[PDB]
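Read the structure below first, then the notes.
Since every read-out is calculated from the coordinates, none of them should be taken as a lab result. Reconstructed Cβ throughout: ideal geometry from the backbone, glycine too, with neighbour counts over all protein chains shown.
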Protein chains: 2
Amino acid sequence: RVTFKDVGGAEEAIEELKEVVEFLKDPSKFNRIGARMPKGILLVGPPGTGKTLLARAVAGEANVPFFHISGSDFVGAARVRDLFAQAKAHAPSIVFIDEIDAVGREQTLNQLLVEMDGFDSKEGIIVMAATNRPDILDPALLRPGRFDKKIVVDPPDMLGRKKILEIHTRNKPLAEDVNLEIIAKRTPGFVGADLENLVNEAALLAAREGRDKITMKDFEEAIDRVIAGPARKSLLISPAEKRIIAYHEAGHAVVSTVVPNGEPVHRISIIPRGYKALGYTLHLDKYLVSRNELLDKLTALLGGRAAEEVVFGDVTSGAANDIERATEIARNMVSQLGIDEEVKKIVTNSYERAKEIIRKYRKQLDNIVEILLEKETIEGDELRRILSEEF
Amino acid sequence: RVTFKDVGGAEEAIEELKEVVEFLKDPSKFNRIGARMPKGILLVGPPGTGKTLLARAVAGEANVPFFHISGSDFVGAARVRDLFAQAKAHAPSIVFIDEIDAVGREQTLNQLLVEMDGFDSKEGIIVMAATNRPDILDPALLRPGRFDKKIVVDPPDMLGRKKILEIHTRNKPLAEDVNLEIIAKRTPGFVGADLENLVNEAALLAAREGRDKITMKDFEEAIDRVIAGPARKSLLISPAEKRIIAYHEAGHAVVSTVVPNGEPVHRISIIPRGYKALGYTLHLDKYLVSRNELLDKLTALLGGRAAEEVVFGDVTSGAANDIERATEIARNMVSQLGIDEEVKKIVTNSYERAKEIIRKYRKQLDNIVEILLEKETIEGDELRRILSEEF
Ligand SMILES: Nc1ncnc2c1ncn2[C@@H]1O[C@H](COP(=O)(O)OP(=O)(O)OP(=O)(O)O)[C@@H](O)[C@H]1O
Ligand SMILES: Nc1ncnc2c1ncn2[C@@H]1O[C@H](COP(=O)(O)OP(=O)(O)OP(=O)(O)O)[C@@H](O)[C@H]1O
Ligand SMILES: [Mg+2]
Ligand SMILES: [Mg+2]
Ligand SMILES: [Zn+2]
Ligand SMILES: [Zn+2]
C-alpha cells in the first residue's frame, strides 16, 4: 500500500489528481449537482518517472480495489471482458492499463471500445492508462467519452531529486558525514528509477566490507559504477554538455525580451518541463492572424539556434526541431496573408534578424549563463528582478 | 426531445424554419393551392454553433419521426437505400445527413442522386444536411430539384451568449452572487459548445470542495482552465486583439459615409454576421455597369486595410481577403469599360484615395472606436443617431 507520501517531485500532477480521489470516496456528492466526470485519463511521460506509482497511490488514498493488466502481455478479448466484469461487481474501483500503445490484434481493440461505452460512470468507476509514445495511439481512443483528459509527468529538478533520496533512505542507517543535498547536485538527468538503484549500490559497498553504516564515500563511488561498464543503467549530463544547453535556453529568453510582440518569460531551466519541450504534440493558437506578431514569433523561436552558431559554430537536435516548426508556420502564412521559393526566404530573413540581436547583446547573454550554471533554475520572482538589472 | 426553447441566439434561422414546421404538420394545406416546397435544405456554419440541434428541434415542434445518418462513417449504397425506404413507409418524416461534404466513393454518391429524384414531395417528406465546408461540394448536388435552399448559422453575440448560459443552468443550484450578464461580457468568441462545457467545469470545482452551490468565483476560475494547458478547448479574443478589430470595422463605415455612391450602413459589430464575413461565396450584382459607382465601391472595400496601415502599420488576414476581391473587380472592369499593367494601377489609385479620407477624418474614427469597445455592437436606431453628431 502506497500513498502520496511515497512520491517526490510531482507537485503539479498530484494537484490534478485530487479531484479523482474525492470522486472515488463519495460519488453522490457529484451526482446531486450534475457534475460529470471523465471516463478515461492518460498519463504521458518518459520511462522511470513514476507513472505506475502514481496510479497505485490514488487507489491507496481512497480505500478502493485496484484491477490492472499489462498491454505488453498480449484469448485477448476474453481477458478484457473478465477485467471489466470484476470492476462492476465492486462499485467504486479503478481499472488500470499499462503500455496501452502496445495493444492500441484488432479483436482486442474492438472489445475495449465496447467496454468503455457499456459501463455507468455514476457508479464510481474510472479507467486509467499510461504510455511514453502518445503520438502513435489510435485516434478512436481519444474521441469524446473515451479518453479526454491528459496529464504530463516530468523529470525531477534538484530539489525534486533530494526528496526522492530521502524517501528511500528512511529505513537505512547512515553515517553523520552524509549530505544528501550535495549528492543531488551531482546527478542532473537522473530519474526516480535511477536514484532508487543508486541507493542499493551504496549499501552493497558497505556490506562487502562488513560495516554497519553507509558513509559519504560509498555514495560517491556508486555514481561511477552505474554510468559506465558492461553493466550500466544511467546517463548524466557532463559539465561540457551543461554549458551548451545553458546557452541554448538563454538565447530564447534574450530574443523574446527585445522584440516588441514577444511573450513574457517566467522560467528558465536546464531540465525540460513542458509537453512541447518533451517532444509531444498531443494531437493538438490565436483568434486573430496578424503579420507583425507572426514575424516576432518566428524570430524568437530561432533564438536558441542562433546562439549556438555565434558562440560554438555547432548545431544540436533541439535546434533542428525548432527549424522544422518554423517552416510549418511560414508555410501557413503564405496561404493566408498572400510557393516553396517564398517559404524559404521568409525563414532565412528571420534567422538573420535573430543573429544581429545575439551579437548586439552578447554581454547580457554571458551574465545570464553564469547564474544558470550554478543555480540550474531561475524562478519568476528572482528572474523578473534579474532581467531588470540587465537591459 | 427538444424544441425551439433549447436554442439561443439563432433568431433569424428559426424564422426561416417556421414554414417547414407548418408543412410537416399538414401537407394538404399546401397542395390545395399549388404551393411547391423544396426537396433539400442546407445548413452552413462554423463547428459547434448548433446545426445538429436545430434539425432535431424541427422534428420536435412537429411530432414526426427523425431518420439520420452521419457522412463520416462511410455497403454504402445499401445503407442509403434502407434509409429512404423507412422514411416512405411513414409519410410525414425527416431525413438528415451530417458531414455531407465527406460523402459528397462514387457508387454512394450516385445512389443518393437516384433517391432524391424518386420520392414524392407532396407526401410530406423533406431532406436536410449540414456542413462547414460549402465550397467543396459537388455541383450536381446543388442543381434545381436537389438542394436549392441555404440557411446560415452565425456565432452568438453578447445577448445571445447570456441566453445560452441560462438554458444550461436551469437545473443547477446557483449562489446569490452569480451574475450571468458579467460572465457573458468576458467570453467574446465563444460558441454554444464552448459555453456548455464551461458550466460543467464550474460544477466540478464546487463538487471537489464538497459544496452544494456554485459561486461566482467558480465561474471565473473555470474560464482560465479551458483556454490554456495540455487540455484546452476554447479560444477568446484578448483586449489587444479587440482594439485592432474595432479599427478595421470602423474604417469601412467611415469611407462609405463620405463617397457619394456609397451604400448606407446599418450595423457595426465585433463578431462576424454574414456569409461574406464568414468567408463563403455560396456558388453565387447590379443590372447596370457604371464607372463612377464601381470606383466608389472599390474605395470603400479598402477602408479596413487603410485604417490598419495608418494607425498600426500592420496587416491582417481579413485585409488580405479584401485586396484579393478588389483585384477581381478591377480585372472585370478592364474587359467591359475599355492588361495586368492596367489592373495594377487601378487598385493602387483606389488605395491612395482611401488613405487620404482616413487621415482627414481621424477624429471621427477615434470617437466611433471608443463606443464600440464598450458596447460591442451598434444597431440601426442608435447607429443612425450617432453618425449624425459626427460629420
Ligand atoms: N517520484 C518518485 N518517487 C519515488 N520513487 C519513484 C519515483 N519515480 C519513480 N520511482 C521509482 O521508480 C520505480 C519504477 O518506476 P515506475 O514503474 O513507477 O514508473 P513508470 O514511469 O511507470 O515506468 P516504466 O515505463 O518503466 O514502467 C518504482 O520502484 C519507484 O520506486
Ligand atoms: N444555440 C445553442 N443553444 C444551446 N446549446 C447549443 C447551442 N449551439 C450549440 N449548442 C450545444 O452544442 C453541442 C454540440 O453542438 P451541435 O452538434 O448541436 O452543433 P454542430 O454545429 O452540428 O456541431 P459539429 O460540427 O461539432 O457537429 C450541443 O450539445 C448543444 O448543447
Ligand atoms: Mg513500470
Ligand atoms: Mg455534431
Ligand atoms: Zn530551442
Ligand atoms: Zn475588411
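Just one of the numbered conditions (1) of a type outside the set (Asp, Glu); (2) under 24 Å from the mean Cα position of the chain (by Cα); (3) surrounded by 15 or more Cβ atoms within 10 Å (Cβ to Cβ) is not true of B:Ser238: (3).
Residue-level analysis places A:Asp135 outside the set of residues that are more than 16 Å from ligand 1 (Cβ to nearest atom) and loosely packed, with under 12 Cβ neighbours inside 10 Å. Apart from one condition, A:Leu137 fits all of (1) more than 14 Å from every other protein chain (Cβ to nearest Cβ); (2) more than 22 Å from the chain's Cα centre (by Cα); (3) more than 28 Å from A:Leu195 (Cβ to Cβ); the exception is (2).
Out of all the residues in segment A:212-232, which are surrounded by 14 or more Cβ atoms within 10 Å (Cβ to Cβ) and either under 16 Å from A:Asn197 (Cα atoms) or touching a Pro at 6+ places or on another chain (Cβ under 8 Å) (or both)?
A:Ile214, A:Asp218, A:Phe219, A:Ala222, A:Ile223, A:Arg225, A:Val226, A:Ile227
Taking segment B:140-175 on its own, how many of its residues are among the β-branched types (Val, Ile, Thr) and over 22 Å from the mean Cα position of the chain (by Cα)?
1
When A:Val265 is tested against (1) within 14 Å of another protein chain (Cβ to nearest Cβ); (2) in a loop (DSSP other than H, G, I, E, B); (3) not basic (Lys, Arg), only condition (1) is not met. Within segment B:25-55, if we keep just the residues that are among the charged types (D, E, K, R) and over 13 Å from B:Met128 (Cα atoms), the residue that is nearest to ligand 2 (Cβ to nearest atom) turns out to be B:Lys25. Applying the selection to segment A:269-306, what residues are part of a loop (DSSP other than H, G, I, E, B) and either basic (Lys, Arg) or more than 29 Å from A:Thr49 (Cβ to Cβ) (or both)? Correct list: A:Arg273, A:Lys276, A:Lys286, A:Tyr287, A:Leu288, A:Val289, A:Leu302.
Yes or no: A:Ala184 more than 21 Å from A:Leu17 (Cβ to Cβ), in contact with a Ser or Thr (Cβ under 7 Å, 6 or more places away or on another chain), more than 16 Å from ligand 3 (Cβ to nearest atom) and away from every other protein chain (no Cβ under 14 Å)? No; evaluated as a whole, the condition is false for this residue. The helices (runs of 4 or more DSSP H) found entirely in segment A:1-102 that carry 1 or more residues being within 13 Å of ligand 1 (Cβ to nearest atom) and either surrounded by fewer than 19 Cβ atoms within 10 Å (Cβ to Cβ) or within 14 Å of another protein chain (Cβ to nearest Cβ) (or both) are A:11-16, A:51-61. Can B:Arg232 be described as charged (D, E, K, R) and touching a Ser or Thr at 6+ places or on another chain (Cβ under 8 Å)? In short, no. Just so you know, in segment A:307-330 the residues that are part of a helix (DSSP H, G or I) and surrounded by fewer than 12 Cβ atoms within 10 Å (Cβ to Cβ) include one that is nearest to ligand 2 (Cβ to nearest atom), and it is A:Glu328.
Yes or no, residue by residue, for (1) part of a loop (DSSP other than H, G, I, E, B); (2) within 13 Å of chain A (Cβ to nearest Cβ); (3) under 31 Å from the mean Cα position of the chain (by Cα):
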residue	(1), (2), (3)
B:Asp177	yes, no, no
B:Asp194	no, yes, yes
B:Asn197	no, yes, yes
B:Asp212	yes, yes, no
B:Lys217	no, no, no
B:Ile223	no, no, yes
B:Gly229	yes, yes, yes
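The selection criterion, being within 13 Å of chain A (Cβ to nearest Cβ) and of a type in the set (A, V, I, L, M), holds for B:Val315.
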